[PDB]
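Read through the structure below, which is laid out as structure tokens, and then see the notes.
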Amino acid sequence: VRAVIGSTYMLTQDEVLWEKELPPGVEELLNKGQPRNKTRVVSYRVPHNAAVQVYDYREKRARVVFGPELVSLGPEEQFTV
Amino acid sequence: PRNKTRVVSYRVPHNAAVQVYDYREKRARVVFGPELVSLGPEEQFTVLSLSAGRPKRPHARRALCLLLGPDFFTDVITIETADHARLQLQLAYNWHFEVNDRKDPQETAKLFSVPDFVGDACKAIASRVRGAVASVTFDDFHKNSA
Amino acid sequence: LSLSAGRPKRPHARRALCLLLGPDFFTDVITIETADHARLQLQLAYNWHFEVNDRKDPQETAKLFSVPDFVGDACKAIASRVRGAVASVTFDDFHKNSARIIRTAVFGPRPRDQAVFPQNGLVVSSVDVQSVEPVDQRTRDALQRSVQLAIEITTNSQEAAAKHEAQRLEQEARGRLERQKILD
Amino acid sequence: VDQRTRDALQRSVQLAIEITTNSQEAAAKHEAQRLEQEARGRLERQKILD
């Protein structure tokens, strides 16, 4: 599974859309901070003077994103609640 | 319902640890921090049974992971002063697990040795406070309790 | 194994295929009596673990299972030491020193930091007193009057201190006024 | 074995608490008298300085 980001895309013969499930509390916090199309890349607009912690459970890479930024999650990344 | 044929996996929280034992390879492992822990055919999670609530009742919470990071648990204890005044004291204790080397098998297995760290620390500290205040009068205690 | 369980520690209440070895604690509720006959219900928790020197020694290891009920033996043994020590102590001396009296009674009189049971290698490392209470309400009512009298003592001490400063300020004003009349 | 013997011991318990209550009030009385005299002795001196 991989995130295809930034350009008009045609699914090659081997590919299908994959639905990203989120913990039962996270899906509401994305709407409060704004039905979700589960196949679209999950993104959050970080406020000014705030930080978000994300963990990549596949690449095993931790990241904290500061300030106003758009944070998008990879297939196995998750937000810290 | 869980598909029993799919590999069992758990997303370990940040500042937490999980203890797994391989009952076939006979290899013990503790997994720290944010990580995905998957179980082999005969591996099993260690299940903690912990004290919970304000009066701290035993076996009230169950967990697959030991939370390690700086946190606090509240406890309500009844104590008695030297002049017999009986006081209900509400406390909160800040706690964390100190780990010197996350690669040491013996230090790391030691974290899971006590079956209920919450219940033990609350029960231990309450007895020290009760023991000290029993030798102090209520007027001296009220002005110096902190 | 057939082991003792519950807060009053009844025998044969739990059965198990495995002896838990690691650091843990069992609670016990014991009734004791002081030198002046005050009868107290004392709640205790004892931290314990089995000390094993060599996990490959057949004799040291077989020794762990020799006692049929280690919980029942250790609770019964320690309760008798606490009851035996407190029977020689008055209720006032006991109330103010209970944590030290119990620690000394259990570990001993030779000072030590732990109690070892050599029959199976069980070690008790602490006694944490949870509470102490008179068994009869008529004994609690007598202590509740002592609390009221201790608060009245504290209230009187406050008024007496206020009275002494009022007299000091009154005299300090009066002495300056008496002088000023002579200067006028 | 007999309740009539336990009641006799329960009276000794009540008297031991009253003994402790009296011992407490007597100590408060002795400190009140010490402080009262310590105030009075300083006031008597201040009147002579005034």
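Does residue A:2 satisfy the condition of being within 13 Å of chain B (Cβ to nearest Cβ), closer than 25 Å to residue B:13 by Cα and loosely packed, with under 14 Cβ neighbours inside 10 Å?
No: the conditions fail for residue A:2.
Looking only at the range D:37-50, count every residue that is touching a helix residue (DSSP H, G or I) at 6+ places or on another chain (Cβ under 7 Å) and among the charged types (D, E, K, R) and tell me the total.
2
Inspect the range A:55-76 for any residue being among the hydrophobic types (A, V, I, L, M, F, W, C), within 13 Å of chain B (Cβ to nearest Cβ) and in a loop (DSSP other than H, G, I, E, B) and give the result as yes or no.
Within the range A:55-76 (the criterion being among the hydrophobic types (A, V, I, L, M, F, W, C), within 13 Å of chain B (Cβ to nearest Cβ) and in a loop (DSSP other than H, G, I, E, B)), the answer is no, since none of the residues qualifies.
For residue A:44, indicate whether it is within 16 Å of residue B:34 (Cβ to Cβ), surrounded by 10 or more Cβ atoms within 10 Å (Cβ to Cβ) and among the aromatic types (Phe, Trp, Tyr).
Considered against the rule, which asks whether it is within 16 Å of residue B:34 (Cβ to Cβ), surrounded by 10 or more Cβ atoms within 10 Å (Cβ to Cβ) and among the aromatic types (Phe, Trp, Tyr), residue A:44 comes out as no.
So which residues in the range A:37-54 are of a type outside the set (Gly, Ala, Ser) and in a loop (DSSP other than H, G, I, E, B), if there are any at all?
Selection gives A:37, A:38, A:39, A:40, A:41, A:42, A:47, A:48, A:49.
Just one of (1) in contact with a helix residue (DSSP H, G or I) (Cβ under 7 Å, 6 or more places away or on another chain); (2) more than 7 Å from every other protein chain (Cβ to nearest Cβ); (3) of a type in the set (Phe, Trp, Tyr) trips up residue C:107, so point out which.
Here residue C:107 meets the rest and fails (1).
Residue C:67 passes all but one of (1) surrounded by fewer than 17 Cβ atoms within 10 Å (Cβ to Cβ); (2) over 17 Å from residue C:37 (Cβ atoms); (3) of a type in the set (A, V, I, L, M); which number fails?
With respect to (1) surrounded by fewer than 17 Cβ atoms within 10 Å (Cβ to Cβ); (2) over 17 Å from residue C:37 (Cβ atoms); (3) of a type in the set (A, V, I, L, M), residue C:67 is out only on (1).
Among what's in the range C:164-184 and is over 15 Å from residue D:49 (Cα atoms) and at the interface with chain D (Cβ under 8 Å from one of its Cβ atoms), pick the residue that is surrounded by the fewest Cβ atoms within 10 Å (Cβ to Cβ).
Ranking the qualifying residues of the range C:164-184, first place goes to C:167.
Among residues belonging to the range C:35-46 that are surrounded by 15 or more Cβ atoms within 10 Å (Cβ to Cβ) and more than 21 Å from residue C:107 (Cβ to Cβ), point out the one that is farthest from the other protein chains (Cβ to nearest Cβ).
Result: C:39.
Residue-wise test of (1) hydroxyl-bearing (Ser, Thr, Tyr); (2) within 12 Å of chain A (Cβ to nearest Cβ); (3) closer than 25 Å to residue B:99 by Cβ.
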position	(1), (2), (3)
B:3	no, no, no
B:12	no, yes, yes
B:19	no, no, yes
B:27	no, no, yes
B:34	no, yes, yes
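Among the candidates B:44, B:88, which residue alone is exposed (fewer than 15 other Cβ atoms within 10 Å of the Cβ), of a type outside the set (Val, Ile, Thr) and under 30 Å from residue C:97 (Cα atoms)?
B:88
Hey, does the range B:49-66 have a residue that's surrounded by 18 or more Cβ atoms within 10 Å (Cβ to Cβ) and farther than 29 Å from residue A:54 by Cα?
Checking the range B:49-66: at least one residue is surrounded by 18 or more Cβ atoms within 10 Å (Cβ to Cβ) and farther than 29 Å from residue A:54 by Cα.
This table checks each residue for (1) loosely packed, with under 14 Cβ neighbours inside 10 Å; (2) more than 20 Å from residue C:147 (Cβ to Cβ).
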| residue | (1), (2) |
| --- | --- |
| B:69 | yes, yes |
| B:99 | no, yes |
| B:111 | no, yes |
| B:115 | no, yes |
| B:121 | no, yes |
| B:128 | yes, yes |
| B:134 | no, no |
| B:137 | no, no |
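Just name the residue that is farthest from residue C:133 (Cα to Cα) out of those in the range D:1-26 that are more than 9 Å from every other protein chain (Cβ to nearest Cβ) and either among the small types (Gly, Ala, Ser) or touching a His at 6+ places or on another chain (Cβ under 8 Å) (or both).
Residue satisfying both the conditions and the ranking: D:26.
It is to be established whether one or more residues within the range B:10-21 are in contact with a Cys (Cβ under 8 Å, 6 or more places away or on another chain), closer than 30 Å to residue A:59 by Cβ and assigned to a loop (DSSP other than H, G, I, E, B).
For the range B:10-21, residues in contact with a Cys (Cβ under 8 Å, 6 or more places away or on another chain), closer than 30 Å to residue A:59 by Cβ and assigned to a loop (DSSP other than H, G, I, E, B): present.
Any residue in the range C:133-143 that is among the hydrophobic types (A, V, I, L, M, F, W, C), outside any helix (DSSP H, G or I) and either more than 8 Å from every other protein chain (Cβ to nearest Cβ) or touching a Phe, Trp or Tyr at 6+ places or on another chain (Cβ under 7 Å) (or both)? Can you show your working first?
As a first pass, look at the range C:133-143 and keep what is among the hydrophobic types (A, V, I, L, M, F, W, C): C:135, C:142-143.
From what's left, outside any helix (DSSP H, G or I): C:135.
Filter once more, so that each one left must be either more than 8 Å from every other protein chain (Cβ to nearest Cβ) or touching a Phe, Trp or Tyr at 6+ places or on another chain (Cβ under 7 Å) (or both): C:135.
Yes, the range C:133-143 has at least one match.
So which residues in the range C:86-104 are buried (at least 16 other Cβ atoms within 10 Å of the Cβ), away from chain B (no Cβ under 11 Å) and either in contact with a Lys or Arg (Cβ under 9 Å, 6 or more places away or on another chain) or not in a helix (DSSP H, G or I) (or both), if there are any at all?
C:89, C:90
So basically every Cβ, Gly included, is an ideal-geometry build from the backbone, and we count neighbours across all protein chains shown. Read the figures in this text as sums done on the coordinates, not as results from a lab.
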